[PDB]
There are 4 protein chains.
Amino acid sequence: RXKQXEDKXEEXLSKXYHXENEXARXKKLXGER
Amino acid sequence: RXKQXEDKXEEXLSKXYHXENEXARXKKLXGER
Amino acid sequence: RXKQXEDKXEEXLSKXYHXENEXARXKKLXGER
Amino acid sequence: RXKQXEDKXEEXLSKXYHXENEXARXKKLXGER
């Protein structure tokens with residue numbers, strides 16, 4: 001369904017926040033050079 | 001160098017932000033039904 | 001440790017293939033439009 | 001357009017290729033120890 005668009009492209013949002021968090025955590029570790 | 005760690009893993013943050021933006025814009029277009 | 005660099009930046013590679021596969025399956029479902 | 005799905009979820013494949021390449025070059029760089 002074009003809801004199941006919405007839900008899957010939410011789950012986009014969440015895994016690509018979790019991108020952000022792990023590639024923050026890249027930043028912090030690579031500040032501990 | 002472990003600065004250039006920081007810069008590439010900022011460029012992580014920015015590209016995995018624009019994940020979030022495009023995969024919101026999924027949500028909006030797949031809302032439109 | 002710059003081995004656990006290799007492993008995490010493999011786990012980068014594999015997740016960003018599994019990006020490729022899921023965003024192919026985007027293309028397939030948005031074919032069957 | 002559920003084509004403008006096809007082209008954007010192509011542009012998935014290409015951005016999540018450029019994931020694969022940069023996060024290979026992670027592995028190679030984090031190889032040199």
Side-chain angles (χ1 to χ4, degrees), chain A residues 2-7 9-33, chain B residues 2 4-14 16-33, chain C residues 2 4-33, chain D residues 2 4-32:
Chain A
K3 177 57 162 46
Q4 285 27 99
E6 284 197 62
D7 292 344
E10 274 296 317
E11 190 187 325
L13 209 43
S14 175
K15 292 184 193 296
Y17 292 126
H18 182 194
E20 234 201 292
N21 194 59
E22 197 63 355
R25 194 191 302 275
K27 210 207 193 295
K28 190 209 192 69
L29 176 65
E32 298 163 12
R33 118 122 98 139
Chain B
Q4 311 185 331
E6 295 191 53
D7 285 358
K8 178 100 308 193
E10 295 184 46
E11 185 190 329
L13 299 170
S14 74
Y17 193 76
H18 290 116
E20 294 154 34
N21 284 347
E22 281 302 303
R25 188 166 85 75
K27 263 203 82 112
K28 165 169 68 101
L29 295 174
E32 292 174 21
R33 150 186 211 187
Chain C
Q4 309 180 302
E6 291 185 79
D7 285 0
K8 181 56 88 167
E10 192 60 55
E11 174 195 348
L13 195 42
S14 306
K15 194 85 157 251
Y17 293 117
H18 290 154
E20 194 186 333
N21 291 344
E22 185 71 359
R25 187 177 81 81
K27 201 175 164 274
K28 190 182 180 183
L29 265 292
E32 306 172 339
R33 144 268 247 273
Chain D
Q4 278 183 338
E6 229 145 31
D7 296 350
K8 187 63 66 157
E10 287 188 345
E11 191 180 339
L13 288 313
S14 139
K15 300 318 145 229
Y17 175 87
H18 283 296
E20 301 148 23
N21 290 340
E22 295 264 54
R25 186 175 82 86
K27 201 164 183 194
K28 178 165 270 285
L29 201 88
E32 314 178 359

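Quick note on labels: first sequence line is chain A, next is B, and so on, each numbered from 1. All values below were derived from every heavy atom in this structure, side-chain atoms included, with hydrogens, water molecules and symmetry-related copies excluded.
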*Between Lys8(D) and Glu22(B), is there a salt bridge with N-O shorter than 4.0 Å?*
yes
*Can you tell me how far the NE2 atom of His18(D) sits from the CG atom of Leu13(D), to the nearest 0.5 Å?*
11.0 Å
*Which value, rounded to the nearest 0.5 Å, describes the distance between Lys27(D) atom NZ and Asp7(C) atom CG?*
7.5 Å
*Roughly how far, to the nearest 0.5 Å, is the CG atom of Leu29(B) from the CZ atom of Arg33(B)?*
7.0 Å
_Euclidean distance, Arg25(A) CZ relative to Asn21(A) CG, rounded to 0.5 Å_ = 5.0 Å
_Is a donor from one side chain sitting under 3.5 angstrom from an acceptor on the other, for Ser14(D) and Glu10(D)?_
no
_Looking at every heavy atom in both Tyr17(B) and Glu20(A), which two are closest together, and how far apart are they?_
N-CG, 4.3 Å
